[PDB]
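Visitor: Just dropping in an experimental structure and the matching sequence.
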Amino acid sequence: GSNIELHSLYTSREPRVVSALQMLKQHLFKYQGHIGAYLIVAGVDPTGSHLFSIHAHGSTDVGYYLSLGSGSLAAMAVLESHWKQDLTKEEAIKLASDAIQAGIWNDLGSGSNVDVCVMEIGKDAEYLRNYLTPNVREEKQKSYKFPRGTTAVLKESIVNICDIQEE
Amino acid sequence: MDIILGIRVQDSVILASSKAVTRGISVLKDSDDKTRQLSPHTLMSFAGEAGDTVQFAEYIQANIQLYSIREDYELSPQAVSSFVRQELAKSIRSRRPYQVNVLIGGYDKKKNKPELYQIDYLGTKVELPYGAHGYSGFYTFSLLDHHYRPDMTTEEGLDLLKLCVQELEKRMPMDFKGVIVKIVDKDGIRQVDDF
Amino acid sequence: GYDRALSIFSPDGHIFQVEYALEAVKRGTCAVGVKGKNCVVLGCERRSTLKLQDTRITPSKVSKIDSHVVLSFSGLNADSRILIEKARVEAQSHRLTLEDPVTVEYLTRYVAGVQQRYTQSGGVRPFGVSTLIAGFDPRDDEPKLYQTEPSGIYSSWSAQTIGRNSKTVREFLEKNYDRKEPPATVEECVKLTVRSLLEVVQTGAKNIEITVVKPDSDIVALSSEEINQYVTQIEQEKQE
Amino acid sequence: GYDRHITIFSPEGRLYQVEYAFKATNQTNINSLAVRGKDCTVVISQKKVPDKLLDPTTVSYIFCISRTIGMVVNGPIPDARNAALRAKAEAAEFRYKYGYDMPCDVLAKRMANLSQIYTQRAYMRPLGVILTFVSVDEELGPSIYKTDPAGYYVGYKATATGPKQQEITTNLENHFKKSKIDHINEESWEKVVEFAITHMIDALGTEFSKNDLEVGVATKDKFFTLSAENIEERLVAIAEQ
Amino acid sequence: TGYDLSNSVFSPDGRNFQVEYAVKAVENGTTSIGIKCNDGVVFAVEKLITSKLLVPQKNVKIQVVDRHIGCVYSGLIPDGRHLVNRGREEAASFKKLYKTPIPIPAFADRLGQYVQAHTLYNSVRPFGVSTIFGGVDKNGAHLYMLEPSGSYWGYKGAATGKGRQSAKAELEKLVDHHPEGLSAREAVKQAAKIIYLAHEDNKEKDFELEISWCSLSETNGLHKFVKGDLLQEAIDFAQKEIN
Amino acid sequence: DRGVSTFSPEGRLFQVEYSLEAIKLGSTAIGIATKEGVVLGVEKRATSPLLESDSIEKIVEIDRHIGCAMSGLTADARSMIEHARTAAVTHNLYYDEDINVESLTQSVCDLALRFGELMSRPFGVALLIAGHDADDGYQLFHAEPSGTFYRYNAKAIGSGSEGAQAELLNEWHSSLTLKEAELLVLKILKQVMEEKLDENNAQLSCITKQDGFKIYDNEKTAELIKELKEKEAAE
Amino acid sequence: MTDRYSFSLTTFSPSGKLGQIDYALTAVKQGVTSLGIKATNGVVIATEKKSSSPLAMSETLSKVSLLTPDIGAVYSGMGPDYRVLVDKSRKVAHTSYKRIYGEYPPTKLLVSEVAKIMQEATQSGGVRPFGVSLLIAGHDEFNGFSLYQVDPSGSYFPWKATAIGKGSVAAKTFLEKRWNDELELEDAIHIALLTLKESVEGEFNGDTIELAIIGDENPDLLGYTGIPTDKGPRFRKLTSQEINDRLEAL
Amino acid sequence: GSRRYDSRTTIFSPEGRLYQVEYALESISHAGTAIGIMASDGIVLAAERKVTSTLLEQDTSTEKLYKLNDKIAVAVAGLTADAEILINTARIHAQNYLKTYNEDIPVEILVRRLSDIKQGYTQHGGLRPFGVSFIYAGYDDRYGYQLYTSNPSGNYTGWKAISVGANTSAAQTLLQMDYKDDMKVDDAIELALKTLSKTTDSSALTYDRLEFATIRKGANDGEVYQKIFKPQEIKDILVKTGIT
Amino acid sequence: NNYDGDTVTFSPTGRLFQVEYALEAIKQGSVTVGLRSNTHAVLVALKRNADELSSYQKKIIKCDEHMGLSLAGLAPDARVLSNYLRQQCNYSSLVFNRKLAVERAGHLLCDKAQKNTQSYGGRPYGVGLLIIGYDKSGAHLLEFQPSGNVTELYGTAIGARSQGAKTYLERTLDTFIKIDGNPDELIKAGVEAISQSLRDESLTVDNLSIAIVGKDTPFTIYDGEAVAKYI
Ligand SMILES: [Cl-]
């Protein structure tokens, strides 16, 4: 991302997904899989909209729908069942979050919330942090707030965080 | 080597170190001094892998002596211990690490206080009232936890040290051929020739 | 790297850079070394152009290389620190490997070797420093006094001076120093060293530094008052 | 006076070695011209084969840097080929590292930065060349970017380089003052080449045969040079109107 | 002034005087030529017999690069050898990576870039040789000539050394009188003549003729030296023409 | 300025020729080779009477069978001696034998021309290398900063060299004894020296097969000086 | 080959002058005028787009450059030297700061890094000094708005307002009369345009003038939404139209 | 080759002087005067900014006084860019010492290190020396309050009171006249400002043309405080001492 | 003049003065002669002494069992170049089990000397060499100049007054080339050739140095009483 920004400034052009893809794969390949990064790279640029996957050893794949991680099989099952050509934005978000939910529920390595990011052509990318929150913890039966003075203390002291003082 | 002990009393630090040098199935020497004087008021005992122990000790000694000449000044025990720790902490991630554990007993002439530092080969430093390396602590810390009081006199420290050595001679399997005892105080370093 | 040959021969067979380094020594404050029967004394000039100086912290002219050897110098002050540092490192290295402190001759040979190396190495200029190295060999009561110079030559001296107006004080020492009977005591040796500096120094106040080295690592620097007593006694005998 | 031998500042704040490299630029006595069409960028250059023993096919100052980028050089051929080989290497490396074809303006900047280094570092001399890069960029469209020994570079609507650059420059300036557009409003590249040749004839005041010119044309996704017969066809069309 | 004391320095003209001084060393050397024929190339060189003690046919000047390229040069002979040694390294690495033998235009640039590199710094001297070279590749015959500046072009005929003006005039006649082309065997004969005619500029000492050739039909596209009967046939033809 | 490794129009290296001038300013050193041994003698030349003359070391041991005398910038000789000693010892380690005097000299002379822009300048010192081996017997070599070494029956280097060499020309013959050579070195040193020759400002040494290389005591040399004075007064 | 110039090309003369730095400053003096003015809520930097030919597209040549989202730079002197400095300045902002602290460097520290690079060209072997003076305007959270000048020597000074290059002496006098500590950004832009008109001979419009500001955060120029703490770059280059609008109220 | 253009920065003159060092000192003699005065209860650092402008942002500006650590500070005279290179090196050295020994670096050791770096540039490398002279004001528990100076030669010396930069001859005479050993910080502050006021090439000494700092044990109990004076605080001390 | 400061500088007429000055060092050197027949190749060298007490500087160096040279000029440079030849002869044997061709040996020397004439910092070699050898194509004689120029010859001479010996060989060309299977007569011709370069001094027992290589004759050097036969 740093090198892409510098490259964008050098070329006076908006960065391309294939540039990030190429820079990532060559870096990962060089480290022979020891950098355990498995990525799904997506974005829009002057060339159009793109979607790629990257594995730790440096291999890349193209597709209309992709999934990675321990819950990728649960997700891919949903994608293979419901994906179609010419999806709308609203349909794609739904399909994407449903694929993540499949992982959340059925995969122990996955859980909690669903994060989404939509990159549409000719628009600002919208990052939807905690798009879904289907795992809020229920209220506890009891409050475990202690009575003050419950813990036994030996010593107390003020810590000097300030600098050396004047006068 | 085997057993190295340290105890910091009121006005001095006492280091006890075994005399045996066993190389396999034979006790080669029974009068080995496992210590080096780093500066007039700083003593370092050591134990670990053969060769590495002396090589490390003399390397540290040389560095501190070089500092003393350059600045015409003796480093504090705390400063020397920090220098030693850094060398070992550097060493542990080397091609071939120094396999050496040390105790640094010094008398700080500025603060007028004895100071005992225990540092292992990983570069793990701790300031203690009494310390040990290897299996020595397993026997001796219970006695020290019991009979030690911080206002002890050097003579009381030596008596408590005798109690430690007696327990070691009773329960340890290896014959370490007694110990050489050295005292570090305001007047410098001296050896107790009868122990 | 910068490889330029700065020290080179001239048509008349001179290495001007080495010779110009001697001119830097000629400019430096006077230093003198006198060895007695059981001691060596190193005298050093302090130019009184610099007052408001803090004499506690200002780098002293005589430097301990080890507990038994000392080094004074004339010439570039910054250059002298590099030689002193190298010498101190070599002194500890010698103790570490040989298990015995350096002889005064060995330490001199090392410092002289460093100075020589800088006269035929690329990209470096010679040291603008001559040194006086004095002390006592381990377990030996014979006094030692050596001199070095930018070219790298070194030699032993019964008494010697270097720096500005060293020609004058060498003149004094040559007529006043007797080899058959050197200064038998510390007093006589210090007195002769102070006398020799008084030929050149100006005022005998804070312009003279004296350092006495005795056998078995017994090195002490005299104070202002102690030196001032020598200065007083010398001139009172002179008024006759 | 060693401030005139290496690239250090003179008391006036000038770099004489850079200025003298500019003078080497005109040593070949060749004039080049570059113009932009709607879908293309055309570059023409004088071709002079003074020796009859020369193989005229090998005499060229136009280079195919990449599939998309072409480069004409004003200056001695050794420095020209030095710049050409480097630009080819840089263009290929760029495609490998970043996954898309190096733009004309980016290559120009890169070569300009390399030239800047020679003006600052003493051991490296400037190249005595002016490099004119042409393409039809996939983002910016028809593009002309020119580099010189000072490390300066800029984009152009049209440009000219050589001994008689000023005459050509003014001729082109006057045309664009009339049309009031940043290019030659023409569909086919053939007619844009005809325009380029016609206006060089008018500016220099000399007639050209097929062997007196050298033409390079940049279109979308390829740059190519015209043969003598392709140029002859171009000269015939000019004469017939 | 002082611009001519250091290599890679531009004079106020925009000239590199050191390269121009290297040319003077080339102009001082013996004559060498190159002739492009129908399906190949012919190289020839003048070898000055300084003394009777020189062993005939032993001090070979023309050099082969790979198995299909011939190189000849005028000026400082060691500089030429250094350039050919580089040419051989360049040709080897090309074939190592790409399998096919190095094409002549490709090979020409390898020498060109290397020679040009010796005009970029004051820590090196330019080459004191003009090199005529060429051979047969997949696209046919090619003849080149490479100057101290790194400048090179393709040629129908090429000549350098002390008798270059005489040689050039002779080469120009052949180009005019043979637009359809010249055969390989004809080119060898003509090459011999031209060296003999160009020897008038070095007429003090007598000389030894040395010829080589690459031809698709005559040598299977490999570089070979002209030896024995074919060499003597060319010498006789040359001697007949001067008389 | 100009290159350090530059040739003059006459075909000589400027720096090598200039180092030879520095050697002419050096103190005299004389070597005489005989069938009973090789004698090496030097002028100490103390700059002041306060300089302890026994610390002046211009004659040096390389090995038990090889000695060396120097003249010129004597500080430059230290690294040459160190190399010589290392070469001599190293060869013994590799081959379980003494090294040939010529081979030792050749190893020293290889350093000479290792200067450029390696060390920054040639050595400013000439060496007389004297020794013995089983193959070629007693030998004396003159090692210069040019990298050239000549073998000599007798040789003088330093400030009084051409005067001393002319004297050695007449005096040397193939039947000289060791005692005769000792006196001859003392005689010629006394001739070319500025100050009056005695045991403190001049030093003798020899190399024999039996005893090896030996620097002479001041008491031993003093007797040879007294023996010289009497034999010159004898006619 | 090898760079055999391992020695300094800038050295002290008997008078104590560093010739090459002085001569670099002379090159800066010949350069086109550029200026910088600091307001209470922003900074403005401006210069003339001196087009070398009317056939040249002067939009492709950027004299005012973004270094970070909140820092911009302009120069006077040798353009090519400026261009490479901007490349290095952009990179050093990442390598020596952003990749360590996860945030962009404050103006003064980025200036310090640029200054360091220029100092090294004044002392290192086989190089001449950079023949430019930079004006770096920027904003950061703890220091607020700031404007720095950086000379060929590597020396840098913070300014309320200043000018460099051709007509700097006259321009600085003009700024001294107009500047106060209560200027709003629009007032500074107005003063910048007035000051810059004096040094310009020919055409004076949005196409011949290059002007940028460090002001309010531009969330419209960020490129994405969804992170409240990311509010967009404070650096903004004024358009040709935006300049001409303010030239009518001039 | 390249030899032709080599100035040879590290050579002796026939008189035995280092050309570049001497010329660097000439450069420094035109720099704004900096003064250091050591007292029994602290140290004062005063320095003059060079012909400033009204448009210079003074409160964020720093060209003379720099902080090396919490105990040590320096006053600069010469090329500011050169000084910052050395300052960053010094700051790193102090941190290295602290990491190694877990104690703050003694003032002299830091001063020696920087002075050794300067020395190196005069003996090897073929590069120009740093055109900088420092005044080091610092404290440690061995020697207490200490003043040092270093110059391009790499030579350093200790002082009770000292000046560097312009008009040091005049300044040093004035300090030598009014300085006494039992002097205190408040008195030293006054002496420093009075000296600058007389030696300045400017018409009058004002707050905007000065940088000022004090190192005091005037910190709550046994510890040391550095005080880099703000523009308003320099203005107040100028009124207090009776200069404006 | 202004263009003789280093080897990297051509003069305005295209000359390399440092190389020419190196060539001058050879002319100052003592004379040495080389000549061959079809069976044998011979080196004859006039050794030079410093004075009457000194030894006579050795002029001939062995490179292999079948190859060696004589020197004229800077002797240390001949040691460097002869050492290089020894290594190259040796590399050919160890790697290819092949004796190094004399022509190829000359090519290697040429290229080594050339690098010193085109680079900054270095200097040309200050010595000339006459290489003789017997390989698979018979007897050979080479003349090496430190400009880089190497030349195969029937006979030649280099050093001071070498023109006299070179003219003699030029007359005797037809005679000595035919001296096949007779080493002593080929040496005689070489000793008679070098005699044409003598003035004042004559060939003595410790003055003369001869070497020979041939069909069934390893490269061997003759000095001292071994050459008294030919005086
Ligand atoms: Cl770049």
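Guide: Cool, the structure landed. Numbers count the residues shown, from 1 in each chain, chains lettered A, B, ... in the order given.

Visitor: Give the closest residue to residue F:55 in space, chain neighbours not counted.
Guide: residue C:156 (3.5 Å; CB to CB, 6 or more residues apart in numbering or on different chains). The C-beta positions use only the backbone N, C-alpha and C, and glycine is treated the same way.

Visitor: Look at that neighbour and tell me its secondary structure.
Guide: strand (DSSP: H, G, I helix; E, B strand; the rest coil).

Visitor: do you know how far it is from chain A?
Guide: With distances taken as CB to the nearest CB, to the nearest Å, residue C:156 is found 55 Å from chain A.

Visitor: so how many other residues sit close to that residue?
Guide: 20 (other CB atoms under 10 Å in any protein chain shown).

Visitor: need the contact list for it.
Guide: C:105, C:144-146, F:51-52, F:54-55 (CB atoms under 8 Å, 6 or more residues apart in numbering or on different chains).

Visitor: Go again with 10 Å.
Guide: Residue C:156 sits next to C:35, C:104-105, C:108, C:133, C:144-147, F:51-56 when contact means CB atoms under 10 Å, 6 or more residues apart in numbering or on different chains.

Visitor: Name whatever forms a beta bridge with it.
Guide: residue C:146 (DSSP bridges).

Visitor: which strands and helices sit next to the helix or strand hosting residue B:158?
Guide: Using DSSP states H and E, residue B:158 sits within helix B:154-171. If contacts are counted by 3 or more CB pairs under 10 Å, 6 or more residues apart in numbering or on different chains; DSSP states H and E, helix B:154-171 sits against strand B:4-8, strand B:12-18, strand B:130-133, helix B:136-147, strand B:179-185, strand B:188-192.

Visitor: residues near residue H:12, how many?
Guide: 24.

Visitor: who's in contact with the residue of chain H found nearest chain I?
Guide: The nearest approach of chain H to chain I comes at residue H:1, 3.8 Å away (CB to the nearest CB). Applying CB under 10 Å, 6+ apart to residue H:1 gives the contacts D:123, E:6-7, E:121-124, F:3, F:117, G:4-5, I:5-9, I:119-121.

Visitor: before we move on, the earlier item: how far away is the residue nearest to residue F:55 from residue C:80?
Guide: Distance of residue C:156 to residue C:80, given as CB to CB, to the nearest Å: 21 Å.

Visitor: Just the contacts of residue C:156: which are in strands?
Guide: C:35, C:133, C:144-147 (DSSP state E).

Visitor: Which helix runs longest in the chain?
Guide: All of this is about chain A. helix A:89-106 (DSSP state H).

Visitor: Can you look at chain I instead?
Guide: From DSSP H, the single longest helix across chain I is helix I:75-96.

Visitor: does chain E sit close to the next helix or strand after that helix?
Guide: For helix I:75-96, the following helix or strand on the C-terminal side (DSSP H and E) is helix I:102-118. Yes. Looking at helix I:102-118 against chain E by CB under 10 Å from any CB of the partner chain, the contacts come from I:103, I:106-107, I:110-115, I:117-118.

Visitor: Neighbour count for those - can I get that in CSV?
Guide: CSV is the format used below for those (neighbours: other CB atoms under 10 Å in any protein chain shown):
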residue, neighbour count
I:103, 17
I:106, 23
I:107, 15
I:110, 21
I:111, 16
I:112, 17
I:113, 25
I:114, 23
I:115, 12
I:117, 25
I:118, 21
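
Visitor: now these as CSV including distance to chain G?
Guide: Listed next are the residues of helix I:102-118 next to chain E as CSV, based on distance: CB to the nearest CB, whole Å:
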residue, distance to chain G
I:103, 32
I:106, 29
I:107, 25
I:110, 23
I:111, 19
I:112, 20
I:113, 21
I:114, 17
I:115, 14
I:117, 17
I:118, 12
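
Visitor: Can you tell me which of the helices and strands packed on helix B:154-171 is nearest to chain C?
Guide: Going by CB to the nearest CB, the one of the helices and strands packed on helix B:154-171 nearest chain C is strand B:188-192, 14.9 Å.

Visitor: which helices and strands does the closest one pack with?
Guide: strand B:12-18, strand B:35-39, strand B:42-48, strand B:100-108, helix B:154-171, strand B:179-185.

Visitor: Can you tell me the centre-most residue of chain C?
Guide: By CA atoms, centre = their mean, chain C has its centre lying nearest to residue C:132, at 2.7 Å.

Visitor: Quick check: the gap between the residue lying closest to that one once chain neighbours are set aside and chain E.
Guide: Leaving out its chain neighbours, the residue that sits closest to residue C:132 by CB to CB, 6+ apart is residue C:33, at 4.3 Å. Computed as CB to the nearest CB, the residue C:33 to chain E distance reads 49 Å.

Visitor: Now for residue C:33, how many residues are close by?
Guide: Residue C:33: 27 neighbours (other CB under 10 Å).

Visitor: again with residue H:206
Guide: 14.

Visitor: wait, it sits on residue H:193?
Guide: No. Taking contacts as CB atoms under 10 Å, residue H:206 lies outside contact range of residue H:193: 11.4 Å.

Visitor: C-alpha coordinates for stretch H:194-201, CSV please?
Guide: C-alpha atoms of stretch H:194-201 as CSV (Å, rounded to 0.1, in the frame of the first residue of the first chain):
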residue,chain,number,x,y,z
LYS,H,194,25.4,42.2,28.7
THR,H,195,28.3,40.7,26.8
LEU,H,196,26.1,40.0,23.7
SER,H,197,24.6,43.5,23.9
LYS,H,198,28.1,45.0,23.6
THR,H,199,29.6,42.6,21.0
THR,H,200,26.6,42.4,18.7
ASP,H,201,26.9,43.9,15.2
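
Visitor: coming back round to it: residues contacting the closest residue to the residue of chain H closest to chain I other than its chain neighbours?
Guide: Closest residue in space to residue H:1, ignoring its immediate chain neighbours: residue I:120 at 3.8 Å, by CB to CB, 6+ apart. For residue I:120, the contacting residues are E:7, E:121-125, F:3, F:117, G:1-2, G:4, H:1-3, I:6-9, by CB under 10 Å, 6+ apart.

Visitor: rerun at 8 Å
Guide: Residue I:120 touches E:122-124, G:4, H:1-2, I:6-8, counting by CB under 8 Å, 6+ apart.

Visitor: What strands flank the strand ranked longest in chain I, and is each parallel or antiparallel?
Guide: Secondary structure assigned by DSSP E gives strand I:127-135 as the longest strand of chain I. The strands beside strand I:127-135 in its sheet (DSSP bridges) come out as strand I:67-73 (antiparallel), strand I:138-144 (antiparallel).
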